[PDB]
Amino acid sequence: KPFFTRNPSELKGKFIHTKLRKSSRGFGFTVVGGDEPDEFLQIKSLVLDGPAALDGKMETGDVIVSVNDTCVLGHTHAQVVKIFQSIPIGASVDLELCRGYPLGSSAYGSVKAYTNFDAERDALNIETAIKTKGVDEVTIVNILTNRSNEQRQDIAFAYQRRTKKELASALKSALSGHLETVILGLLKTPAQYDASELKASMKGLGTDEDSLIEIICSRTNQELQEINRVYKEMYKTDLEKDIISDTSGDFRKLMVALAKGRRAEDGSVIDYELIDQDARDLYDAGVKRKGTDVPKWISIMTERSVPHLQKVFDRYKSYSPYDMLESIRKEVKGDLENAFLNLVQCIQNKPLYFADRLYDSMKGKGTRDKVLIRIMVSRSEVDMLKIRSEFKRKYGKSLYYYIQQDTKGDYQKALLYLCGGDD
């Protein structure tokens, strides 16, 4: 379970004392937690231009320690909410907040929020490192690879206010080589990172379908809405129409369909009839058919929920003498075959898919740094621990070990920090 305590002397981070005047719309913040008995109450969000945000002290993830001089450690959500609502308009509330506990991180990311976070100190330190004679890369890597992505957005903000220069511009000018690529990738938000990588994979008729496939096939609906949004903000065109430009045929069809990000959401009930029905349909459309009905495959694989499809592919083995991946490698070729194999891997076991892509990026002569870097950046706060345990199970040695063999210098150290562990 996450960390709890009823005693303020045992809380870790830093303490904030604020006074809010109750407005006609309350104090302007929502609270989360406090149903499970030993659960902190944390600030989930703030109403822009509302009393809490206008005051400027409260932040998301802050733990509510006490209200009006009464400790509420271990209060239920219902007891606390009642305290706030009883305060009449124009009266004020005193809030003691503990900063340093996380809200809503993935239990499977390798990279965690830094608990003693001081954006200003890091900005100062990275500036001092950038301006060292012969740049201090160690400090830059040491700091940025051990901050969460949203703490990096804060560092970038503080750096810009301290120097009047964007952080990412200052680091592009101070860094070089693969280290530059890692650090610049780390500085983007996930949606910005994926958008720019999608853009770079479509930089012309020389399209890198491998990279377009990796991102489009592996990102969830939520992730894709955000990507479609900031891609149009960043590049003043819709992601869909750049895909239509640089792709064609059934491959374009399947890429357009996935990139929309309107896959069915996880149902509450398992639909055994439709599972068998889909499994039958996939077989009818391929192995037992002359040629292959590609539209039926696109339809089923892009529209059903991921847990439903996991059971479809199992149930498909009842009908086909070849499983879904082996059937794909017999029925299609080229970019379309590649995309299908990538998608089915992501549905069946997304961490194993990334582990195999990481293994492929390093196993031979040299390194496919582009793939190695994008995976370590994009998955580090998502499922890197599952990726590592899948990789170690299959290949015997850790992911850490393979990175050590394939990379060197500060680049290697940055990738091992993103990896996590000491091995």
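We call the rigid core whatever largest set of C-alpha positions still superposes within 1.5 Å between the two forms. Counting begins at 1, following the sequence as shown.
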TODO: Please indicate which stretch deviates more in 7 other deposited structures of this protein: 276-284 or 74-82, judged by C-alpha RMS distance after a core superposition?
DONE: 74-82
Open item on the list: Aligning on the core, I want to see which stretch wanders more in 7 other deposited structures of this protein. Is it 384-392 or 61-69 by C-alpha RMS?
Closed with: 61-69
TODO: For the higher mean C-alpha B factor in the entry, choose 345-353 or 281-289.
DONE: 281-289
TODO: Using the B-factors recorded in the PDB entry, average over the C-alpha atoms of 253-261 and of 138-146, then report which stretch comes out higher.
DONE: 253-261
TODO: Could you tell me which one of 185, 177, 295, 190 shows the highest CA temperature factor in the PDB record?
DONE: 295
Task: Per the PDB entry, maximal CA B factor within 307, 74, 90, 334 - done: 334
- [ ] Would you mind checking where the Cα B-factor of residue 364 ranks among the modelled residues of its chain, as the lowest, middle or highest third?
- [x] lowest
Task: Assigned third (lowest, middle, highest) for the C-alpha B factor of residue 385 - done: lowest
TODO: Give the position of residue 94 by CA B-factor within its chain, expressed as the lowest, middle or highest third.
DONE: lowest
Open item on the list: Using the temperature factors of the C-alpha atoms in this entry, rank residue 48 within its chain: lowest, middle or highest third.
Closed with: highest
Task: Chain third (lowest, middle, highest) by recorded CA B-factor, residue given as residue 33 - done: middle
